[PDB]
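To start, the structure under review is shown below, and the notes come after it.
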Amino acid sequence: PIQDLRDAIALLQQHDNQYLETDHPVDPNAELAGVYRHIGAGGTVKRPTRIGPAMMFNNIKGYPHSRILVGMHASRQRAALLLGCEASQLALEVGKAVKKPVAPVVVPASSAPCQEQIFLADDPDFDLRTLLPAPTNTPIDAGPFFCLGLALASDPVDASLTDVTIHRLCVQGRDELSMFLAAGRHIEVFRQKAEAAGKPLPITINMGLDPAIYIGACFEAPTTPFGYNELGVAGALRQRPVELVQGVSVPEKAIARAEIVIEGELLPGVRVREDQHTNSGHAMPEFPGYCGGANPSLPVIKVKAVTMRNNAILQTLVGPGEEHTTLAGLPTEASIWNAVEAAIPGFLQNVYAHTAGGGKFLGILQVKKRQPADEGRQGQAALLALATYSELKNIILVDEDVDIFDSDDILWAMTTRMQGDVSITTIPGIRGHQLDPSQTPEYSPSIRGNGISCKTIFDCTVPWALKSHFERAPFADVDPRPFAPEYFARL
Amino acid sequence: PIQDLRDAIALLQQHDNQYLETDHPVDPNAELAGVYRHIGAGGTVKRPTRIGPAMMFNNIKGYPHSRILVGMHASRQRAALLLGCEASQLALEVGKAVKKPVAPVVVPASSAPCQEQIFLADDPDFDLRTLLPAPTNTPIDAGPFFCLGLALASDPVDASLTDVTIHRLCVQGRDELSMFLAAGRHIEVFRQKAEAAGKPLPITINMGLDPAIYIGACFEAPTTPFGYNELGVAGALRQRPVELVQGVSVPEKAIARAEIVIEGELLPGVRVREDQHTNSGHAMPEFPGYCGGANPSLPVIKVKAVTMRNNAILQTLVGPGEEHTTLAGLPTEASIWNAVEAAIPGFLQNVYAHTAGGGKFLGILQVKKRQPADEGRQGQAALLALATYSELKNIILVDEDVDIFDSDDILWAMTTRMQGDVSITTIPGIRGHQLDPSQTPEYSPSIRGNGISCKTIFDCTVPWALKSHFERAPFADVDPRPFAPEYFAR
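These protein sequence lines map, in sequence, to chains Z and U. Take the first sequence: its letters are residues 4 to 494, numbered as in full-length UniProt numbering. Take the second sequence: its letters are residues 4 to 493, numbered as in full-length UniProt numbering.
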């Protein structure tokens, strides 16, 4: 029963090519990410790249006591193994946990390995920059980043209002991090409330976690009093409550079994240029595959303490590549599943938040026309997808004999089951996502500002009345294995 | 505190031009509908027509003791009076009731005015066709119809599964009505189960109710054991449970305060052609404003009894015009509201399931661009609407200074806040609704079968960056009341 990051590493070590360690010295600045680019970053990272093992770097230059984990979630198959289901059903299996969550519980400090070591920022010798190897993903980044920081925080006026969300933070100084907070999201609203009263907002950043927690926390959750409800998904996935502990230096909870916890406060009335120390003009690589722009005005966590386990692992990601595809893509798929299946039961066979869109921009919907009235519902399923997940950009529709996880087979449906002046429907001027660099006025006369897009539905389903002409060549069913057993061993 | 149909009539009589009686003899065959066409049918009925009073016909040729009420829900203002809220808030107000329903209650036969008179069908003199006037809406109809039948039914194996649905029924014999039942609806899964076992399904048809029952019954409701859950909406709207009573001739509940109850059984293994007796080839007028085709294979209710209050009112509708716009459009608006507000909170100011689409085909969305990021979200709101209600056909988007209940003002926005080669987005080949006669392959080379349409989004919102040029001419705020008091007393 997996309850923390090390229980997960143990499971991976029982399967081939899921976990890999190296003792060869690596520089956290640029080099480590450059290495994993080849081994397992995947997704929208520039070629060459591939799906591979999660990888542990034991020998980090300048950090003789540290080790860095990347790629834990950077494969769909791997995520399936870590949660005990089939990779094609991963979105549905987690969607079931979302529906029957198990609440987290509070434990005492004696039960929290994340507090086996406490480094108070009090200490004159404290220096976040030398305590933690925060990797730099590319040389043009704004600085070192932590990329899997699970932030816990509460409303400053109503303490029963909580939030759990993944963030990335740039290291800005001996005890400072900058942190981008999405407008409108709960923790930013918390921070705006505290700042309007001139007060800091206490927060914990929890890194190195059971992958069920990271995966579960990307889904929308209900809000109950003191609920930290995102944690309920992982509670359901393991059938064991996620354990919280009180912070040592701030009045906010932290993840009891996390590897590293950064406790601090968002400062009132303070802001920094994200790239103030490099003037690179960039932040770090974004899920579409491009380096984003540096944010000119960011809030700052003032660090009051770092607590960690003995031999703490620092967990982050590279790419963000396939690791982002998994964390973002399963929620994208679940919400599309839920919307289509409630409106058109039995129609959708599956949906894939394609890695080529980082799990957000590109939806592949596999439908089955069962009867004459299903003609015209394939467009309806596309409208449902675009309405339910507004950061989507394009939809590709295929039938149930097309493998939506096989990009060759998607392009095959786009070649023999599509006519350009019939099957392609453009929907201009719909808000999409600012990190798509083609969503700009300069790219298109129908785009009125950044993050607005034309959204395109590629209908590659066979028209109902023509289906008799579109049967794929029927090869006979045979068990191939007796013909070459040793060859099918390689699985 | 309204509890039944008569209470609602008494409220209407307190307001001018909300209720109107006539004692001039009227033929229930075509004439009655012909008259109300002029007075209050409204909606998609051919013109002349208008919004008007609900109308009671006291003198029915062939039925010297009967009276026929029509138009009860045929006005949004009238529907808001009957629920005690603002017309522009109707969908939101019934949505509140949808969330906190009160359960109906069972009461003994002595508490059910619907059982003041009992007409068992095994009496030799029983004739459904002469006991009650069933209007025929037009001369090309399949036959006489009851158009506001609230049907109650339970699952035949598991009695804890209940459904409450609104139906129309054509009178086909002295003891039989034909009744369409939508596939997938819980009422017909009960009927298919009973039929698969060669058994009848007992049923009540409850007509002449508190408008809060009819209106609430058009919303989706959850299922709880022995729930009759649709009725909880009406119960929360009145904050008093709607009372039921055991049927005298079938094992199934009826509405205790209803005006007329038809008790019977859906018969297994027997169908009927709707235009049996006429060969008209039509059923009756449909919400888009055209007569529908006759249904060639319909199930039959075998009537075992009819019960009714003393001086029972027969409540039905005409058009179906504005009455259908109310019953169908409030749920349409409610579901669009819930979707857009969950997805883009604070952005939608109101939505109107426009009567020109019978409450189904045409959605007007009123949005407010509060900030630059809202540019691009008005199209998102239209997509949300098309996805949550697949029978929509077109969406018109407007800003918060456009009155979406005023069709002149809609067309105004379509005229000064719209460029044809920019603001109009077509989405071809989406399944819509077979009763739109333009959704056929003959109308469009992009339509592959009936009930498939091109769906069009008309964006009549001001582009964010240009809003400083589109302020409507600002007339000073003044209370006009004092300048013409007696004029405003109308």
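Just so you know, even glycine gets a beta-carbon here, dropped at the ideal spot from N, CA and C.
Where do the ends of the beta strand (DSSP E) carrying residue i lie?
i	result
U:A154	148-157
U:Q318	316-318
U:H41	Counting along the chain, U:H41 falls outside any beta strand (DSSP E), though it belongs to the alpha helix (DSSP H) covering 34-42.
Z:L438	Note, Z:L438: premise wrong, no beta strand (DSSP E); not H, not E.
Z:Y355	351-356
U:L172	165-174
Between the Cα of residue i and the Cα atoms of the options, which residue gives the shortest distance?
i	options	result
Z:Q381	Z:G267, Z:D462, Z:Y22, Z:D178	Z:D462
U:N298	U:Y392, U:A220, U:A185	U:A185
U:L151	U:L395, U:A33, U:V192, U:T207	U:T207
U:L240	U:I433, U:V248, U:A261, U:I218	U:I218
U:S163	U:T328, U:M417, U:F193, U:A13	U:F193
Z:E233	Z:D128, Z:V101, Z:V306	Z:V101
U:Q437	U:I54, U:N453, U:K305	U:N453
Z:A200	Z:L155, Z:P271, Z:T133, Z:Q249	Z:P271
Z:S114	Z:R312, Z:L351, Z:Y446, Z:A492	Z:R312
U:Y66	U:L95, U:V38, U:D30, U:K49	U:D30
U:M75	U:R243, U:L23, U:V160	U:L23
U:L85	U:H18, U:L134, U:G295	U:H18
U:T165	U:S181, U:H189, U:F183	U:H189
U:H357	U:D404, U:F486, U:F408, U:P323	U:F408
U:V248	U:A112, U:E191, U:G362	U:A112
Show which residues of chain Z have a CB atom less than 7 Å away from the CB atom of residue i.
i	result
U:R373	What U:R373 touches in chain Z: nothing, since even the nearest Cβ is about 12 Å away.
U:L389	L386
U:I455	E378, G379
Looking at residue i: is its Cβ nearer than 8 Å to the Cβ of residue j?
i	j	result
U:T319	U:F149	yes
residue 1 of chain U	U:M210	A query on residue 1 of chain U cannot be resolved here, the shown segment of chain U reaching from 4 to 493 and no further.
U:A237	U:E246	no
Z:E179	Z:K307	no
U:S338	U:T391	yes
Z:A94	Z:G43	no
U:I460	U:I398	yes
Z:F229	Z:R177	no
Z:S393	U:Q383	yes
U:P334	U:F222	yes
Given the structure, does residue i come close to the ligand NAD, in the sense that its CB is under 7 Å from one of the ligand's heavy atoms?
i	result
Z:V354	Ligands displayed in this structure: none; no statement on the ligand NAD is therefore possible.
I'd like the list of long-range same chain contacts for residue i, defined as Cβ closer than 6 Å, with 5 residues on each side in sequence excluded.
i	result
U:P147	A137, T139, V174
Z:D26	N61, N62
Identify the continuous alpha helix (DSSP H) that holds residue i and give its terminal residues.
i	result
Z:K196	189-199
Z:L333	324-346
U:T133	131-134
Z:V236	234-241
Z:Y490	488-492
Z:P225	Unbroken run through Z:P225: none, as it is neither H nor E.
U:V29	Neither: U:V29 is in no alpha helix (DSSP H) and is coded neither H nor E.
U:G98	93-102
Taking 7 Å as the limit between beta carbons, can you name the residues of its chain near residue i, skipping five residues before and five after?
i	result
U:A145	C173, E277, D278, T281, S283, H285, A286, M287, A297
U:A33	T139, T141, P142
U:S441	none
Z:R53	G43, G45
Z:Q6	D213, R241, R243, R260
Z:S447	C457
Z:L389	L395, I398, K458
In chain U, what lies closer than 7 Å to residue i by C-beta?
i	result
Z:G349	The contacting residues do not exist; Z:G349 stays about 11 Å from chain U at best.
Z:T428	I430, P431
Beta-carbon within less than 8 Å of residue i's beta-carbon, same chain only, minus the 5 sequence neighbours each way: which residues are those?
i	result
U:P28	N62, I63, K64
Z:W340	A94, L95, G98, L351, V354
Using a C-beta to C-beta distance shorter than 9 Å, which residues of chain U count as neighbours of residue i?
i	result
Z:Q383	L389, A390, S393, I433, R434
Z:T443	By Cβ distance, chain U contributes nothing, its closest Cβ being about 12 Å from Z:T443, past 9 Å.
Z:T319	By Cβ distance, chain U contributes nothing, its closest Cβ being about 30 Å from Z:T319, past 9 Å.
What residues from chain Z crowd round residue i, counting only those whose CB sits closer than 9 Å?
i	result
U:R420	Residues of chain Z passing the Cβ test: none, with the nearest at roughly 14 Å.
Just to make sure I have the definition right: I need the residues of chain Z whose C-beta is within less than 8 Å of the C-beta of residue i. Which are they?
i	result
U:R451	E378, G379, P466, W467, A468
residue 3 of chain U	Since the first residue shown for chain U is 4 and the last is 493, residue 3 of chain U is missing from the structure and cannot be characterised.
So with CB distances below 8 Å, who are the chain U contacts of residue i?
i	result
Z:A346	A390, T391, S393
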